[PDB]
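Here is how the chains run, residue by residue.
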Amino acid sequence: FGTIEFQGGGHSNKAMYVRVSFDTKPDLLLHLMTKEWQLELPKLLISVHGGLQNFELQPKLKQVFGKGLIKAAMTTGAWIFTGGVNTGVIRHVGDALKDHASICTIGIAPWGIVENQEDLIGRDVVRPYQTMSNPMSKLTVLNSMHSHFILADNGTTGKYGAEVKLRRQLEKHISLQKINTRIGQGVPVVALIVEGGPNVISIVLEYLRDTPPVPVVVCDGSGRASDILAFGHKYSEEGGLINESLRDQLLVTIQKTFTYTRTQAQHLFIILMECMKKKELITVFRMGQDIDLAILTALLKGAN
Amino acid sequence: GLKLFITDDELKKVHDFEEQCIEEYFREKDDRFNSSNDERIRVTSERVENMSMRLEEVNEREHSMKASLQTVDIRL
Amino acid sequence: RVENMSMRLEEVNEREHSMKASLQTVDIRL
Amino acid sequence: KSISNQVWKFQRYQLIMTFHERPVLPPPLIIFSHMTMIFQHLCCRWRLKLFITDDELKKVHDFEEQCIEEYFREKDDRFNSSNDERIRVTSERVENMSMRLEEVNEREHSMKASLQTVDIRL
Amino acid sequence: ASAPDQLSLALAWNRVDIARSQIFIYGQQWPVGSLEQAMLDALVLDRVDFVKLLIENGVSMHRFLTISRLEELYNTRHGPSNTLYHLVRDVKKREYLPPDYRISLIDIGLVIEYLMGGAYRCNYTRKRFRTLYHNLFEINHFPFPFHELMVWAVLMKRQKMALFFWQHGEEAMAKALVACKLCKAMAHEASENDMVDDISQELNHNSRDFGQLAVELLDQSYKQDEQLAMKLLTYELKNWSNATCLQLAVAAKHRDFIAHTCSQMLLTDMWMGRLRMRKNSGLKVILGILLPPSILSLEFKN
């Protein structure tokens, strides 16, 4: 625990952190993030989700996404609530924060997959940390220019899944207390999905099938699960009534964009129909205005 | 002297004249703004920006076209 | 002129969305 | 007149300060004031500068960082929004439009030939 | 080859898009002292984006900079011409030389009390810094090294870096005025030693450039927060010879800075003295000059 002082990576910043076992008490993490970390309670949480792999989008898709998330964080003074390591969507929100800076960004990562584990030791001590990221080792460095961090070992190296349940229960905990406006809601958790994979369909199922019904926002133009939710969204009529021609077009983009088999595509299509039952609590941001309107439309909808 | 006293009916006509003048003044102002040179340059530039993105997008997606059409020609 | 370009390109792009539909439908046959 | 109507405004500072450090005791009564000088200078021997400290100094340095950051941001805005460079960027991108569209016409010309070659099939 | 003799050529090649992805790349293990001698090269090589390349790299420009580092950086015949060499000879002759003349720091400092003029006894002439000149030739580490690189750029007229050291740092209103009078000042001794007058053309141009930058930093800071711009214009500039921005701007004779509304209503306040009166001035106070009892019926302040 202590403070991470970055050498390289643009401007020098200090992103103080701690190491956390993945089943700690989140109420003591709330005491932590009000006293020892000393963070104020916000009135917006975005939970940004996507594929774990790196990707690239269209250029002003990056510009609209980069501007909108931080401009939302300025109009609401929100706590952005990310996935930690410097891959994919989280590298993109890193580029988003690099696009403005000038905020309260928190990332939670696994200690088992962060590069330079033994370098990352301290007791309330300022430690110089490197942006040295070897492509030969499979260990991936954490996202650099955030301001708060929790590195969370499960004991093993090179796997995901140990931080998903912690992330879910931590934002459940933060939504359980009364918000600073204190009218009968928690902090409005809203879930941004840029692209995402097969698991983000079950995470948006964990978000939708939940009390409170978490207003999710999906982002169009990005790919994979997001475009098939979009294909079930625009050609939807009265919700779950979807016919077979775009079903087979969707199944060959599940067998080509996802490269699933026929039965894996049909299984994921069963899950897709179960998710396409609920069209009102999803908000489909489409390219063509920012994700400002998307996040704040969903804010009000799930503010309830 | 110049304080011409006036009855209600005429007062409705001078009110109607005056409201028609205020609306046509703001109309003559917003088409002065929308036909002045700078605004034409500003809009044309932003249009070109979206054009650049999309026309490039048509280029790459037709590249996917020409690959797929050649692959369909391979299957025949 | 660029007004006319915008409308035109818009129609070419949504049309080429329909062309992706045609290309995948022909891929279904083979 | 164009220089001198602000040269007097500049010459206010010399005027303000030369009195402010001048002996505020009367001009033809300094007989008593020089006496006050030599007396106070020897008696203490035997016996606009706000002088801020590090709290305000830190609240002035971080202020000036916001001023210099927003300045260099704002300069970039007038360059990227006044008409000269608006024409420059639009013309340069239309340069690239003529090459990208060039690709699109000639490549889809061979795509029309490939559609006719697929008519040699079904 | 290895990265130490890679960048020697890359800094020589002046290609911002070669070592931005290459030379230094995740996986390269950099040696010790190679970057810091590459800064000792880069500052003299007039590397505008390459110094800022190595800053984004994470050369701590603080820890890099030592006492004899600035000295080594002053004793180099590379880059553009140095008016410095004409001055180091003017101010030593004022105090009491082969190309081996050692440009002593206190001489760069003497150039200061000569060119900037006035009182302005620089930090180098400090008896405390005078004992470390004999005791060294974290003492070599400077408190705010940004400032001593600001003076470094403007002495050898290296203006591309002189604008670069100005967005990075603190006391930027102060550095704008210090550089502005100092470059009006080199515009005086360039005519004194009768060097090629084209340097005096562009040092009057550079002196006026720092001159507008002092003004558009001032009217910028005005509309952010006017009351706190008072504190900026008045506080003691401990690094810049225990001075004040108005004291250095009249020293500059930078007329337009003095005339901008912010410094004018400061000056009116001081002319009014410890008085809030600010209404029918002159006539009311002249009644107090002659008659004592009117004084009690004035609004003072605290």
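Residues numbered from 1 in each chain as written, not as in the entry; some residues may be left out. Chains lettered and ligands numbered in written order. Part of a larger assembly, values for the part shown. Heavy atoms only, no water. Residues with missing side-chain atoms left out of burial classes, pairs and counts.

(A) Molecular detail of the overall build of chain E. Within chain E one finds 17 helices and 0 strands. For chain E, the C-alpha atoms occupy an extent of roughly 90 × 50 × 40 Å along the three principal directions. (Helix = DSSP H or I, 4+ residues; strand = E, 2+ residues; numbered from the N terminus.)

(B) Quick look at the overall build of chain B. Summing up its helical and strand segments, chain B has 2 helices and 0 strands in all. Expected size for 76 residues packed as a compact globule is a radius of gyration near 11 Å; at 29 Å, chain B overshoots this value by more than 25%. The dimensions of chain B, computed from C-alpha atoms along their principal axes, are 95 × 30 × 10 Å. (Rg over C-alpha atoms; globule rule 2.2 N^0.38 Å.)

(C) View of the arrangement of the chains. In this assembly 6 pairs of chains touch, with chains D and E having more contacts than any other pair. The two units chain B and chain E are non-contacting; their minimal C-alpha-C-alpha distance is 24 Å. Chain C shows no contact with chain E. Their nearest C-alpha atoms sit 35 Å apart. (Contact = heavy atoms within 4.5 Å.)

(D) Quick look at the pattern of salt bridges. Ionic pairing is found between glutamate 16 of chain C and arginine 61 of chain B, a salt bridge with its closest N-O pair at 3.1 Å. With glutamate 16 of chain C in helix α1 (residues 2-29) and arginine 61 of chain B in helix α2 (residues 37-74), this pair bridges two chains. For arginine 15 of chain C, the salt bridge is made with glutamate 11 of chain C, and the minimal N-O distance between the two is 3.9 Å. Of this pair, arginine 15 of chain C and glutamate 11 of chain C both sit in helix α1, separated by 4 residues, roughly a single helical turn. (Salt bridge = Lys/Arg side-chain N within 4 Å of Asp/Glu carboxyl O.)

(E) Region of interest: the interface of chain E and chain D. Opposite the 37 residues of chain E that make contact, chain D presents 29 residues. Of all the secondary-structure elements, those providing two or more residues to the side of chain E that touches chain D are α10 (159-167), α11 (172-192), α12 (198-224), α13 (226-234), α14 (245-252), α15 (255-259) and α16 (261-272) of chain E. Its residues assigned to classes, the side of chain E that touches chain D shows 17 nonpolar, 11 polar and 9 charged. (Nonpolar A, V, L, I, M, F, W, Y, C, P; charged D, E, K, R; others polar.)

(F) Inspection of the packing of helix α2 (residues 34-42) of chain E against helix α3 (residues 48-57) of chain E at higher detail. Residues and elements named next belong to chain E. Direction vectors running N to C along α2 and α3 enclose 155°, while the axes themselves pass 10 Å from each other. Classified by the angle their axes make, α2 and α3 are roughly antiparallel. The crossing of α2 and α3 is left-handed. Where α2 abuts α3, its residues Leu35, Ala38, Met39 and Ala42 lie against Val51, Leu54, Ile55 and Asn57. Residues that form the contact of α2 with α3 fall into these classes: 7 nonpolar, 1 polar and no charged. (Axes fitted to C-alpha atoms, helices over the stretch in contact; angles between N-to-C directions. Parallel < 35°, antiparallel > 145°, perpendicular 65-115°, else oblique. Left-handed = near helix turned anticlockwise from the far one by under 90°.)

(G) Summary view of the packing of α2 of chain B against α1 of chain C. Two elements in contact, α2 of chain B and α1 of chain C, have axes whose closest approach is 10 Å; the angle formed by their N-to-C orientations is 25°. The orientation of α2 of chain B relative to α1 of chain C falls into the category roughly parallel. The crossing of α2 of chain B and α1 of chain C is left-handed. For the pair α2 of chain B and α1 of chain C, the contacting residues are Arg47, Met51, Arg54, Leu55, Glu57, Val58, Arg61, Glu62 and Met65 of chain B in the first and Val2, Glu3, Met5, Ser6, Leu9, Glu10, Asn13, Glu16, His17, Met19, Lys20 and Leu23 of chain C in the second.

(H) Layout of the interface of chain B and chain C. Between chain B and chain C, the residue contacts involve 10 residues of the former and 13 residues of the latter. When its residues are assigned to classes, the side of chain B that touches chain C shows 4 nonpolar, no polar and 6 charged.

(I) Structural detail: the packing of aromatic side chains. Their ring planes at 80° and their centres at 5.9 Å tell us that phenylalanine 6 of chain A and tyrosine 129 of chain A sit as a pair that is edge-to-face. With 5.2 Å between their ring centres and 50° between their planes, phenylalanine 164 of chain E and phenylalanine 165 of chain E make a pair best called tilted. Three or more aromatic residues link up through ring pairs in this structure, and these residues are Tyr71 and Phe72 of chain D together with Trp166 of chain E. A cation over a ring is seen here: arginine 12 of chain D above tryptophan 8 of chain D, with NZ or CZ 5.8 Å from the ring centre. (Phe/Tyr/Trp six-rings, centres within 6.5 Å; stacked < 30°, edge-to-face > 60°. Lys NZ or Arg CZ within 6 Å of the ring centre and 35° of its normal.)

(J) Local environment of the environment of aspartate 5 of chain E. Residue and element names in this part refer to chain E. By the element assignment, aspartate 5 lies in helix α1 (residues 3-13). Residues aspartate 5 and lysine 93, 88 residues apart in the sequence, show an inter-C-alpha distance of 42 Å. Of the polar contacts made by the side chain of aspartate 5, one reaches the backbone nitrogen of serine 2; its length is 3.4 Å. (Polar contact = N/O pair within 3.5 Å; in protein donor to acceptor, adjacent residues only side chain to side chain.)

(K) Highlighting the pairing of strand β5 (residues 105-109) of chain A. Residue and element names in this part refer to chain A. Bridge analysis of strand β4 (residues 79-82) against β5 gives 3 bridges, and the strand direction is parallel. Looking at β5, one finds that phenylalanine 81 is bridged to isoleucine 106. Of the strand pairs in this sheet, β5 and strand β7 (residues 148-151) are connected by 4 bridges, and their pairing is parallel. Each residue of the ladder has a partner; that of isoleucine 106, found in β7, is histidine 148. (Pairing = 2+ DSSP bridges.)

(L) Here's a closer look at the sheet that holds strand β1 (residues 2-7) of chain A. Residue and element names in this part refer to chain A. Taken in spatial order, the 10 strands line up as β6-β1-β2-β7-β5-β4-β3-β8-β9-β10 in an open sheet, and their pairing is mixed. Only two strands of the sheet have a single partner each, and these edge strands are β6 (125-130) and β10 (282-285). The mean inter-strand angle of the sheet, taken between neighbouring strand axes irrespective of direction, is 25°. Here β1 runs beside β6; their pairing, made up of 6 bridges, is parallel. Across the sheet, residue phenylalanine 6 finds its bridge partner in β6, namely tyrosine 129. Contacts from helix α9 (residues 291-303) reach β3 (45-49), β8 (189-194), β9 (216-219) and β10 within the one sheet, and its direction differs from that of β10 by about 170°.

(M) Quick look at the side chain of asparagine 206 of chain E. Residue and element names in this part refer to chain E. Tracing the backbone through its elements, the reader meets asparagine 206 in helix α12. Polar side-chain contacts of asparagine 206 include one of 2.9 Å to the side chain of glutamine 159. In contact with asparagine 206, other than residues within four places in its own chain, are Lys157, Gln159 and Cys183.

(N) Structural view of the environment of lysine 279 of chain A. Residues and elements named next belong to chain A. Looking at the element boundaries, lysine 279 is found in the loop between α8 (262-276) and β10. Sequence separation of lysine 279 and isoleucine 201 is 78 residues, and the distance between their C-alpha atoms is 14 Å. Residue contacts for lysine 279: discarding those within four places in its chain leaves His233, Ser236 and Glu237.

(O) Structural context of unusual backbone geometry. Following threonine 211 of chain A, the chain continues to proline 212 of chain A via a peptide bond in cis, the omega torsion being 5°. One non-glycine residue, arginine 224 of chain A, lies in the positive phi region at around 60°. One can find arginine 224 of chain A in the loop between β9 and α6 (225-234). With a phi angle near 60°, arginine 278 of chain E is a residue other than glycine that sits in the positive phi range. For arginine 278 of chain E, the location among the structural elements is in the loop between α16 and α17 (283-290).

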